[PDB]
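Working notes, structure below.
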Amino acid sequence: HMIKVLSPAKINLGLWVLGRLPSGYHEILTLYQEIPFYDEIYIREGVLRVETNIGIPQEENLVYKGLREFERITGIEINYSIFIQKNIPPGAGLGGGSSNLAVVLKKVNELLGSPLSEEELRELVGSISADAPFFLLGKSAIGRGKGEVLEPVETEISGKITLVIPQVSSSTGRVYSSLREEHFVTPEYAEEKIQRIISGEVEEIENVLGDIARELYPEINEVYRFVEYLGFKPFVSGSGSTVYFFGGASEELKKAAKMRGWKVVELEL
Ligand SMILES: Nc1ccn([C@@H]2O[C@@H](CNC(=O)CCc3nc4ccccc4[nH]3)[C@@H](O)[C@H]2O)c(=O)n1
Ligand SMILES: [Br-]
Ligand SMILES: [Br-]
Ligand SMILES: [Br-]
Ligand SMILES: [Br-]
């Protein structure tokens, strides 16, 4: 009785770090934007299995971690075989794995007569990834706390957006660990910035994790400089590796990408 479910990506339309938390993590402000860029997930009745087309081990897969915890918390034994076709590359700053977790666990929860509430499902996915709760709502949302405290918004942002994803995988943890005092801002500064971006002022997007990712992973910086050379303002999603801009992909970019192993994703917001 196989079904297909789409698992969308996100971009951060700006990100600010407020400071450190005792738990090791960081308090942040960010604007999440769901983008029409998907993994396709095939769900089938059978022995609990989570597989991908890119060789992520089952034990390490956030979806498998989430389904085991589902069983654990709720008592019910999960009998679904999951295959995910991964169009959203891991380490790309697009929340692919967090999206996989949210959409699968929301589906499996519904398929089993909704044992968990939307409050409890939120807690389940949120405990594994701070970006996962966003994918339970999608569209546009302000992310506060560690990103899980969410406020839906309407933006004035539409039109072409192009992603340029280099083959380097950015470690979110390594980027956050390179943070210094100088990188932090007040929540007031960041809140003013987010308001402006929401009103369509894309020029106001900035992201200190992108600044750092460009130093830690020089290829992210190469993509960044190439987009400038193309005549666009580049922006970085999450902790990288993705660089995006508000414009179309020229043949020259497509050529550069094919030669260098960049993925170019042309979307419309
Ligand atoms: N609001 C947040 C959200 C996340 N984080 C950091 O990134 C989180 C994600 N990291 C991990 O799950 C383990 C480290 C890691 N992340 C990777 C991403 C890609 C490739 C390898 C990685 N190793 C936490 O480690 C935390 O230090 C944080 O400090 N503050
Ligand atoms: Br520090
Ligand atoms: Br690199
Ligand atoms: Br440079
Ligand atoms: Br940026």
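Identifiers in this document derive from the order of the structure tokens: chains are assigned A, B, ..., residues are numbered from 1 separately in each chain, and ligands are numbered from 1 in order of occurrence.
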Give as a VMD selection string the residues surrounding ligand 1 up to a distance of 7 Å, considering only C-alpha atoms and all ligand atoms.
chain A and resid 24 to 28 90 to 91 130 145 to 147 169 to 174 176 to 177
Kindly compile the residues surrounding ligand 3 within 7 Å, counting only C-alpha atoms and all ligand atoms, and format them as a VMD selection string.
chain A and resid 168 217 to 220
Restrict the selected residues to N, CA, C and O atoms and save them as a short mmCIF file (atom, residue, chain, number, x, y, z; two decimals), in the first residue's frame.
```cif
data_model
loop_
_atom_site.label_atom_id
_atom_site.label_comp_id
_atom_site.auth_asym_id
_atom_site.auth_seq_id
_atom_site.Cartn_x
_atom_site.Cartn_y
_atom_site.Cartn_z
N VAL A 168 31.00 20.44 -1.03
CA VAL A 168 31.42 20.41 0.37
C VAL A 168 30.21 20.31 1.32
O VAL A 168 29.17 20.93 1.10
N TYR A 217 35.28 26.57 5.14
CA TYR A 217 35.16 25.82 3.88
C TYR A 217 35.32 26.75 2.68
O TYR A 217 34.33 27.30 2.19
N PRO A 218 36.56 26.92 2.20
CA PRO A 218 36.93 27.86 1.12
C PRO A 218 36.09 27.75 -0.16
O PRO A 218 35.89 28.77 -0.84
N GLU A 219 35.62 26.55 -0.48
CA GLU A 219 34.72 26.37 -1.63
C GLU A 219 33.37 27.09 -1.50
O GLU A 219 32.81 27.54 -2.49
N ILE A 220 32.85 27.21 -0.28
CA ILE A 220 31.66 28.04 -0.04
C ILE A 220 31.97 29.49 -0.44
O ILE A 220 31.17 30.14 -1.09
#
```
Could you give me, as a Markdown table, every chain A residue with an atom at most 12 Å from ligand 4, plus its closest atom pair and distance in Å to one decimal, counting only C-alpha atoms and all ligand atoms, rows ordered by chain then number?
```
| residue | atom | partner | partner_atom_place_in_ligand_line | distance |
| --- | --- | --- | --- | --- |
| A:211 | CA | ligand 4 | 1 (Br) | 11.1 |
| A:214 | CA | ligand 4 | 1 (Br) | 9.1 |
| A:215 | CA | ligand 4 | 1 (Br) | 9.0 |
| A:217 | CA | ligand 4 | 1 (Br) | 12.0 |
| A:218 | CA | ligand 4 | 1 (Br) | 8.9 |
| A:219 | CA | ligand 4 | 1 (Br) | 10.8 |
| A:220 | CA | ligand 4 | 1 (Br) | 10.8 |
| A:221 | CA | ligand 4 | 1 (Br) | 7.0 |
| A:222 | CA | ligand 4 | 1 (Br) | 8.0 |
| A:223 | CA | ligand 4 | 1 (Br) | 10.9 |
| A:224 | CA | ligand 4 | 1 (Br) | 9.2 |
| A:225 | CA | ligand 4 | 1 (Br) | 7.4 |
| A:226 | CA | ligand 4 | 1 (Br) | 10.8 |
| A:228 | CA | ligand 4 | 1 (Br) | 11.4 |
```
Counting only C-alpha atoms, what is within 8 Å of residue A:245, bar same-chain residues fewer than 4 positions away, as an mmCIF file with C-alpha atoms, in the first residue's frame?
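See out03.cif below for the written result:
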```cif
data_model
loop_
_atom_site.group_PDB
_atom_site.id
_atom_site.type_symbol
_atom_site.label_atom_id
_atom_site.label_comp_id
_atom_site.auth_asym_id
_atom_site.auth_seq_id
_atom_site.Cartn_x
_atom_site.Cartn_y
_atom_site.Cartn_z
ATOM 1 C CA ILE A 161 15.704 32.366 -6.361
ATOM 2 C CA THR A 162 18.693 30.276 -7.415
ATOM 3 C CA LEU A 163 20.570 27.912 -5.103
ATOM 4 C CA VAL A 227 27.817 34.842 -7.586
ATOM 5 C CA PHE A 232 24.150 39.356 -7.808
ATOM 6 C CA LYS A 233 24.247 39.766 -4.044
ATOM 7 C CA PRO A 234 24.892 36.278 -2.615
ATOM 8 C CA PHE A 235 23.444 34.975 0.638
#
```
Could you tell me, counting only C-alpha atoms and all ligand atoms, which protein and nucleic acid residues lie no more than 9 Å from ligand 2, written as a ChimeraX atom specification?
/A:19-20,177-184
Would you name the residues within 6 Å of ligand 5, counting only C-alpha atoms and all ligand atoms, and put them as a VMD selection string?
chain A and resid 14 205 to 207 235 to 236
Can I get the residues of stretch 143-199 of chain A within 8 Å of stretch 131-136 of chain A, each with the closest pair of atoms and their distance in Å to one decimal, using only C-alpha atoms, sorted chain first then ascending number, as a tab-separated table?
```
residue	atom	partner	partner_atom	distance
A:143	CA	A:134	CA	7.9
A:147	CA	A:131	CA	6.0
A:148	CA	A:133	CA	5.8
A:150	CA	A:134	CA	7.0
```
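We find atom CA of residue A:101 and atom CA of residue A:8 to be spaced 11.2 Å apart.
Comparing the minimum interatomic distances between residue A:79 and each of A:58, A:53, A:109, A:114, counting only C-alpha atoms, we find that A:109 sits nearest.
Of the residues listed (A:47, A:88, A:82, A:112), A:88 shows the shortest atom-to-atom separation from residue A:7; distances use only C-alpha atoms.
Residues with any atom within 8 Å of residue A:158, counting only C-alpha atoms and excluding same-chain neighbours fewer than 2 positions away, are residues 156, 160, 268 and 269 of chain A.
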For N, CA, C and O atoms, I'd like the residues from the last selection saved as a CSV table (one decimal), in the first residue's frame.
```
chain,number,residue,atom,x,y,z
A,156,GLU,N,6.9,39.7,1.9
A,156,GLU,CA,6.6,40.4,0.6
A,156,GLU,C,7.7,39.9,-0.4
A,156,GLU,O,7.8,40.6,-1.4
A,160,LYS,N,12.3,34.9,-8.6
A,160,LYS,CA,13.3,33.9,-8.8
A,160,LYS,C,14.3,33.9,-7.7
A,160,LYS,O,14.7,34.9,-7.1
A,268,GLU,N,11.2,29.4,-7.9
A,268,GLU,CA,10.3,30.6,-7.9
A,268,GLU,C,9.6,30.7,-6.6
A,268,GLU,O,8.9,29.8,-6.2
A,269,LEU,N,9.8,31.8,-5.9
A,269,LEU,CA,9.1,32.0,-4.6
A,269,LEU,C,7.7,32.7,-4.9
A,269,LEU,O,7.6,33.6,-5.8
```
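Remark: for residue A:258, the closest of the candidate residues A:3, A:164, A:216, A:157 is A:164 (distances computed over only C-alpha atoms).
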Contact residues around residue A:259 with only C-alpha atoms at 12 Å, ignoring same-chain residues under 6 positions, as a list in words:
residues 166, 167, 252 and 253 of chain A
Go ahead and dump the residues you just picked, C-alpha atoms, as an mmCIF file, in the first residue's frame.
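As a result, out21.cif now contains:
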```
data_model
loop_
_atom_site.group_PDB
_atom_site.id
_atom_site.type_symbol
_atom_site.label_atom_id
_atom_site.label_comp_id
_atom_site.auth_asym_id
_atom_site.auth_seq_id
_atom_site.Cartn_x
_atom_site.Cartn_y
_atom_site.Cartn_z
ATOM 1 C CA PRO A 166 28.969 23.153 -3.689
ATOM 2 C CA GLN A 167 29.981 19.522 -3.064
ATOM 3 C CA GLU A 252 28.025 30.586 -17.515
ATOM 4 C CA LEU A 253 26.936 29.637 -13.967
#
```
Residues of stretch 15-258 of chain A in helix (DSSP H, G or I) according to DSSP, as a ChimeraX atom specification?
/A:58-60,62-74,96-111,118-128,134-137,172-176,181-183,187-198,202-204,208-216,218-229,251-258
Between atom CA of residue A:15 and atom CA of residue A:60, measure the distance and give it in Å to one decimal.
27.0 Å
Work out how far apart atom CA of residue A:92 and atom CA of residue A:11 are and give it in Å to one decimal.
9.8 Å
